[PDB]
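Letters go in sequence order (proteins before strands), and every chain restarts at 1. Hydrogens, waters and symmetry mates are skipped; everything else that's a heavy atom, side chains included, is used.
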Amino acid sequence: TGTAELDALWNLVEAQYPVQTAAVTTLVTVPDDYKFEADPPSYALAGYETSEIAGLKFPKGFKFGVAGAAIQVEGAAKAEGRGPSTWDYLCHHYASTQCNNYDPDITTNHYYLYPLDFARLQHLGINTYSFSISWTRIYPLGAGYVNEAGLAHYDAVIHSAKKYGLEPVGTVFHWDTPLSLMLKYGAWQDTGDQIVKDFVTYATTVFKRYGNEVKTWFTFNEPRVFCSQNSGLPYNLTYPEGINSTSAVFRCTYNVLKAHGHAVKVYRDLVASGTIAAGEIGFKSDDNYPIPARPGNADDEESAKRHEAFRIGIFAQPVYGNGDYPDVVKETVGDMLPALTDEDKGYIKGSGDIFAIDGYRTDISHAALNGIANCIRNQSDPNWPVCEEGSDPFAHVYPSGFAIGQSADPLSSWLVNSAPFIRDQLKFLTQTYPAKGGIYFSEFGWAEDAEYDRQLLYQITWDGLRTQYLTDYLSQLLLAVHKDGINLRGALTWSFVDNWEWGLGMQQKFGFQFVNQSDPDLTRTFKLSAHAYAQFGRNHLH
Amino acid sequence: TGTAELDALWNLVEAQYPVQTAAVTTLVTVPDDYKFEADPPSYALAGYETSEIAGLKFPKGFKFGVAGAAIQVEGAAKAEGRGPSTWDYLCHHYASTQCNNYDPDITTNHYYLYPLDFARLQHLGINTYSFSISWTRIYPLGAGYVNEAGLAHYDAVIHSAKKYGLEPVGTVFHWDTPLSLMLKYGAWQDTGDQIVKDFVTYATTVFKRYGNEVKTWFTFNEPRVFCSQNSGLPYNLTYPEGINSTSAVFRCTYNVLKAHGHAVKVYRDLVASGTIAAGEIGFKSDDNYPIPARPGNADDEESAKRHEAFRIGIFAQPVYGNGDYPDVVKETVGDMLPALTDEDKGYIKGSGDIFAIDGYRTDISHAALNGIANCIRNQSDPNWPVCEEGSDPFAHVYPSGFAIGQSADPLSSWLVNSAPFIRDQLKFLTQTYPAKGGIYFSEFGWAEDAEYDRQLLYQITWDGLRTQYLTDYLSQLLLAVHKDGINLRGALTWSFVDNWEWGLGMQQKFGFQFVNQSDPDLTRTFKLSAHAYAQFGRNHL
Ligand SMILES: *[C@@H]1O[C@H](CO)[C@@H](O[C@@H]2O[C@H](CO)[C@@H](O)[C@H](O)[C@H]2NC(C)=O)[C@H](O)[C@H]1NC(C)=O
Ligand SMILES: *[C@@H]1O[C@H](CO)[C@@H](O[C@@H]2O[C@H](CO)[C@@H](O)[C@H](O)[C@H]2NC(C)=O)[C@H](O)[C@H]1NC(C)=O
Ligand SMILES: *[C@@H]1O[C@H](CO)[C@@H](O[C@@H]2O[C@H](CO)[C@@H](O)[C@H](O)[C@H]2NC(C)=O)[C@H](O)[C@H]1NC(C)=O
Ligand SMILES: *[C@@H]1O[C@H](CO)[C@@H](O[C@@H]2O[C@H](CO)[C@@H](O)[C@H](O)[C@H]2NC(C)=O)[C@H](O)[C@H]1NC(C)=O
Ligand SMILES: *[C@@H]1O[C@H](CO)[C@@H](O[C@@H]2O[C@H](CO)[C@@H](O)[C@H](O)[C@H]2NC(C)=O)[C@H](O)[C@H]1NC(C)=O
Ligand SMILES: *[C@@H]1O[C@H](CO)[C@@H](O[C@@H]2O[C@H](CO)[C@@H](O)[C@H](O)[C@H]2NC(C)=O)[C@H](O)[C@H]1NC(C)=O
Ligand SMILES: *[C@@H]1O[C@H](CO)[C@@H](O[C@@H]2O[C@H](CO)[C@@H](O)[C@H](O)[C@H]2NC(C)=O)[C@H](O)[C@H]1NC(C)=O
Ligand SMILES: *[C@@H]1O[C@H](CO)[C@@H](O[C@@H]2O[C@H](CO)[C@@H](O)[C@H](O)[C@H]2NC(C)=O)[C@H](O)[C@H]1NC(C)=O
Ligand SMILES: [Ca+2]
């Protein structure tokens, strides 16, 4: 049951409709005479940068970069021995209900186009490329046999990136759970510890393979967001005895923390044995400490604390703090979240060299209107377990009725331009979750208003709100370094391309380049925001 | 026929479905101590104003205001003896094809809500209110009997505006052609001169009635755009002998120029009589002088000049220039455009005290791809008569492939944020079309990216691209006064409310206030752009 089981799994994934194949299935050669599209006019970036950041530079060695993830950009879902993820299965069986009639078969075809992508990032003065490794390219069944062609693919991607002057930053796991492990024992809902062994075997292989060339690592991308998806399809089809939709989240939380700790131990041992280069390893946190709706009101103060504990604290306190879950989380979820043993704390405590925040926005916290005490006691309460008002007319709105900032578009309504709150977030995170190597802004970006292929190219490429958000956000990071003394190591924008955005597929556009999904070649065009990003780097790096 | 003909015309308009009646049919006011919604947070306008306008002020008496039009804001289409317009007919008989399933029966109900509207403009520091008079409120048949209740309505509107400290600026005609004149002789396609007499009697009545209180007047709003609409429904149903869909445009152009000249002579004589206050009269021009796609290319340079001649020059050269049509226009359209006589030039030449430009944006001019020369000599050519590439991938795009600026929603894709080109436009207009009283920016605004009946109120009210456009555009007007010495008299944003935008009805949002079309009260909410506008006034008046 090797390539034999691989076939079986793809046959199960493809029962209703097959994996589609890209128009281009060969590594692209950047041609000798390749012409970038002309620059926008000279006045186009006028008015974006304020005089307040005149003369401010990021520290020496600042990582000024872009971020993508394997399943969101690569395509080639079955190429060169790749096994299926939970998402391959979800989008081929539940496309209309869970996947917005898209699938990750092809996405941006970055699997074959990366050389061309890197020549275009080099044109913009980008100096860092954040990627994820597809677990099922390396172990198509999550455990057992190794796919050499997959290990060779990322060698070639890392080598290309360095030639184009992009420092490679690697993420081991960006939500693409191997389907085989889900079917065998329920993957991250495993009540045993085989998920931890299988993850650690995988992390060991990619660290040995790449960590002479990759010296900044993230084990997990946004583990809090990933564990919340384990409450639904396709994970809820395979729960072990004792797991339901509520407990699966907290089972996943604990297994991810274990996987992380054990993986960072192998990373440090490989460094200590001289097998790889001395580098830095952490994981990507997300979300925010919200502002209370009514300053000095203890209920809104409490609900904002509960938000931070469940969205950030539940992973960051064990790793960068006192080595245990927030007491607020323990008191609320009880036995559903397995106790960290002395042995667990042995690996997890101190297992972050660097902090990384996906600092997209900051929220407002209104205490649950039915009362924090009532909400805590009822797991069926829609606001459980944070027990603030979680919906859009509360999360983003002052008591005044006015928003915290610009909204992104109803499909991405969690996203606001909240640049003025960035310094407070960084101050909180570096004091509460201190790391020796400091802190990354590891993801930030805009899903732009009209552009959802409503349009002609000239309307798409002048992306004023994206350009505003990225300049806002970069400006505030500069001031964090210069006014708050933040040890900020980098800024990585999501993303360098419109890509496949999970349940929303290619309808959500996060790129500073447009990808033409009606063109066989999936041709990239720079938006104004890509030139805004380039111009900010030339002006504020050195 | 009097009362009798009014009835007949409404029965013709209402054949398929009647005029709808607002849930509010009484005057809406607010007490002095009424609480407006709370301001945005203190950081909300950070970043919009550039350091290069720090401490610069507009001239003393600068009109800092908003613009609406009777049919786009009032509703009350049949209240107090109003007669039907061509648009009342068009949207009741061809709603699905010509009107996007809307009609001007109700729009924002400004006819009854103006006191509330004025209290809210006062909260923003607005000092000027630009409005149009509905001809068919005054003469329900365009000619014959006068409707006192309609004259009384605008007295009460003008009085309310002045009490709330808004200088009232009056437009006599904003496209709302009386249906009766269209049916009788074809209105603006008249090959007689009854349209000129009927307009002049109307203009005379409103000038005597209001021009003690109103001291800035525009005869016609965007006459070039209005004459363009005379090529289609419902005007093309009633053309006199010898008028086409092509020739209708140029017949309308000529009759409007005559109407204007005769009406300005009445206005000056009224001023000289002392029976109204000494004021200023002009008309609102629109459109732009575009930048050639390939500067120094003779074809794009020519097509840019043809654009200016046919979109601005055809009205402004007779009035503010040498008193004749542009030579490029005459050589192209021939006898479809009636020759101006010595007598016509007698009234028309010098008939603008003030220039007014609806300066929403600047285009790019690409010469017709089939050849400028081939296009001019056709008439069936879709790019005739300007003979540039008229469509969006040409009018807004450099040969580079990058736009001239930020685009508005595809529904309003004619609109770009082209603030950098504003000073060049004002320079060209004041030098080419000089007026003694100077120049108004009489309309500018943004149709914000798909905010329409899709969203929650917090999402609507933080309108970043509207806010950006209005601050951009106010900044450049301020700099035109300082850097170029432009005698700029005012800046009037379109509009103070989401309103009824002709063919698009209430789907296109131009307001710095949201109007809730799912609320019986049509409740107004300030957008951030309204506070941006208020803050700019406080900082730079
Ligand atoms: C697995 O989780 C999915 C994701 O929520 C559940 O989804 C919905 O559940 C409701 C309750 O019946 C259904 O009516 C919805 O229509 C479901 N949506 C879809 C896409 O199926 C689902 O109930 C769960 N399935 C199991 C077996 O527990
Ligand atoms: C999901 O399983 C958890 C246990 O993992 C359930 O939570 C407990 O429910 C029992 C009753 O079955 C109560 O006596 C306990 O107080 C609850 N425990 C905790 C830790 O709160 C939960 O009820 C199940 N959820 C669903 C949807 O059936
Ligand atoms: C817990 O909150 C939930 C949902 O907000 C409530 O669940 C309902 O309970 C009633 C009454 O017993 C049932 O008839 C409904 O069918 C339940 N489901 C939903 C989705 O509303 C419940 O009211 C809350 N429990 C407590 C003790 O406050
Ligand atoms: C996306 O790609 C398609 C595929 O080429 C583009 O479509 C072409 O548009 C040009 C002129 O603009 C025409 O000559 C061709 O007829 C089109 N080809 C096809 C096969 O449709 C499309 O314009 C691109 N879209 C954007 C927004 O850039
Ligand atoms: C008046 O103009 C309209 C178009 O503005 C004409 O009606 C349209 O004509 C086209 C071409 O024949 C049709 O295919 C459309 O479906 C028509 N539109 C509607 C809503 O009916 C109309 O014929 C013109 N009238 C005259 C007298 O020439
Ligand atoms: C009425 O429009 C017709 C088309 O509906 C136009 O046709 C031409 O008339 C011109 C006058 O400019 C003559 O010089 C030509 O012989 C006609 N031929 C062509 C190919 O256009 C007409 O121009 C309009 N009529 C008038 C008198 O202006
Ligand atoms: C004048 O312009 C018209 C309108 O574009 C031209 O008509 C098109 O030209 C060719 C004739 O070979 C046809 O394939 C198209 O079907 C015509 N359009 C329409 C709407 O029927 C016309 O040929 C031009 N005449 C000259 C002398 O240049
Ligand atoms: C426009 O006004 C309407 C009418 O009051 C509002 O309608 C309410 O809409 C909310 C939408 O979340 C509903 O839950 C309410 O029950 C509705 N009431 C009625 C009578 O329909 C609507 O919210 C307003 N919209 C905006 C953006 O302000
Ligand atoms: Ca700015």
Side-chain angles (χ1 to χ4, degrees), chain B residues 1-10 13 19 68-89 104-105 107 110-112 114 129-161 168-185 187-188 190 194-221 223 226 255-256 259-260 262-264 266-267 270 275-276 279 281 283:
Chain B
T1 7
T3 108
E5 175 74 32
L6 176 67
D7 232 61
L9 296 185
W10 279 115
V13 164
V19 164
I71 202 167
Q72 306 190 245
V73 292
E74 288 177 349
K78 280 177 67 138
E80 295 166 2
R82 176 169 182 275
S85 77
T86 52
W87 287 95
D88 299 281
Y89 175 86
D105 298 356
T107 78
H110 187 58
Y111 189 83
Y112 296 113
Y114 68 81
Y129 169 70
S130 171
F131 70 105
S132 90
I133 303 176
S134 176
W135 185 344
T136 59
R137 295 195 190 280
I138 307 302
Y139 293 83
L141 311 177
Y145 87 91
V146 186
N147 181 36
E148 172 58 28
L151 287 158
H153 174 72
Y154 288 107
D155 284 321
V157 177
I158 294 159
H159 183 264
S160 194
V169 166
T171 299
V172 176
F173 182 78
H174 201 118
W175 305 1
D176 34 6
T177 310
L179 185 57
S180 171
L181 304 187
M182 198 193 73
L183 300 172
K184 196 193 322 294
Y185 58 68
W188 298 105
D190 184 23
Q194 193 70 44
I195 186 59
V196 180
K197 300 173 166 168
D198 288 342
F199 183 78
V200 163
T201 298
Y202 162 54
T204 303
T205 292
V206 298
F207 290 161
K208 303 199 289 121
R209 189 69 170 232
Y210 304 126
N212 299 305
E213 286 73 38
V214 177
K215 299 175 181 103
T216 298
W217 292 89
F218 304 112
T219 50
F220 287 90
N221 171 257
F226 172 72
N255 289 333
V256 161
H260 164 83
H262 284 258
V264 170
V266 172
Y267 182 76
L270 287 179
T275 58
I276 65 169
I281 188 154
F283 73 84

Return the set of residues passing salt bridge (charged side-chain N to carboxylate O under 4.0 Å, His left out) with B:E80 (not counting sequence neighbours), or none when no residue passes. none

Just by distance, do the side chain of B:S160 and the backbone of B:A156 share a donor-acceptor pair under 3.5 Å? no

A side-chain contact here means heavy atoms from C-beta on lying under 4.5 Å apart; do B:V200 and B:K197 qualify? no

Report yes if some heavy atom in the side chain of B:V73 is under 4.5 Å from a heavy atom in the side chain of B:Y114; otherwise report no. no

How close do B:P104 and B:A77 get, counting heavy atoms only, and between which atoms? O-CB, 4.1 Å

What are the two closest non-hydrogen atoms of B:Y145 and B:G81, and how far apart are they? OH-O, 4.4 Å

May I ask you to decide if the ring planes of B:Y202 and B:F199 are parallel, tilted or perpendicular, using 30° and 60° as cut-offs? perpendicular

Is a side-chain donor-acceptor pair under 3.5 Å present for B:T205 with B:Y139? yes

Nearest heavy-atom pair of B:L141 and B:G2: which atoms, and what distance? CD1-O, 4.2 Å

d(B:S85 OG, B:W175 CH2) to nearest 0.5 Å is 12.5 Å

Is a side-chain N or O of B:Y267 found less than 3.5 angstrom from the main chain of B:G279, in a donor-acceptor match? yes

Distance col, row B:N255:CG vs B:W188:CH2, nearest 0.5 angstrom, shows 7.0 Å

Supply the atom-to-atom distance B:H110 NE2 to B:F131 CZ, rounded to the nearest 0.5 angstrom. 9.5 Å

Tell me which one of B:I195, B:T136, B:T86 satisfies side-chain contact (heavy atoms from CB on, under 4.5 Å) with B:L181. B:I195

Between B:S132 and B:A70, is there a donor-acceptor pair closer than 3.5 Å when you use the side chain of the first and the backbone of the second? yes

Considering only heavy atoms from C-beta outward, does the side chain of B:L151 approach that of B:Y210 to under 4.5 Å? yes

Contacts of B:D155 meeting salt bridge (charged side-chain N to carboxylate O under 4.0 Å, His left out) (sequence neighbours excluded), chain-then-number -> B:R209

Of the non-hydrogen atoms in B:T1 and B:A4, which two are nearest, and what is the gap between them? CG2-CB, 3.6 Å

Kindly assign one of parallel, tilted or perpendicular to the pair B:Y111 and B:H153, based on the angle between their ring planes and the thresholds 30° and 60°. parallel

Pair B:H260 + B:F220: ring centers closer than 6.0 Å: no

Candidate pair B:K184 and B:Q194, rule side chain to side chain contact (heavy atoms under 4.5 Å, CB included), full reasoning: CA-CA 10 Å; B:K184 196 193 322 294; B:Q194 193 70 44; over 6 Å; no

For residues B:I276 and B:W217, determine if any side-chain heavy atom of one lies less than 4.5 Å from a side-chain heavy atom of the other. no

Smallest heavy-atom separation, B:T219 atom then B:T171 atom, equals O-CG2, 4.4 Å

Is any side-chain heavy atom of B:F207 less than 4.5 Å from a side-chain heavy atom of B:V172? yes

Looking at every non-hydrogen atom in both residues, tell me the closest pair between B:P168 and B:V214 and how far apart they are. O-CG1, 3.6 Å

Report the residues that fulfil salt bridge (charged side-chain N to carboxylate O under 4.0 Å, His left out) with B:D88, sequence neighbours left out, ordered by chain and then residue number. B:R82

Can you tell me how far OG1 of B:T177 sits from OH of B:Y89, rounded to the nearest 0.5 angstrom? 14.5 Å

Reported NE2-to-CZ distance for the pair B:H174 and B:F218, which is rounded to 0.5 angstrom: 12.0 Å

Between OG1 on residue B:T275 and CG on residue B:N212, distance to nearest 0.5 Å: 7.5 Å

With side chain to side chain contact (heavy atoms under 4.5 Å, CB included) as the test, would you mind laying out the steps for B:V196 and B:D190 before giving the verdict? CA-CA 9 Å; B:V196 180; B:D190 184 23; over 6 Å; no

Is it true that B:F173 and B:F226 have ring centroids separated by less than 6.0 Å? yes

What I'd like to find out is whether the side chain of B:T107 reaches to under 4.5 Å of the side chain of B:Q72, using heavy atoms alone. no

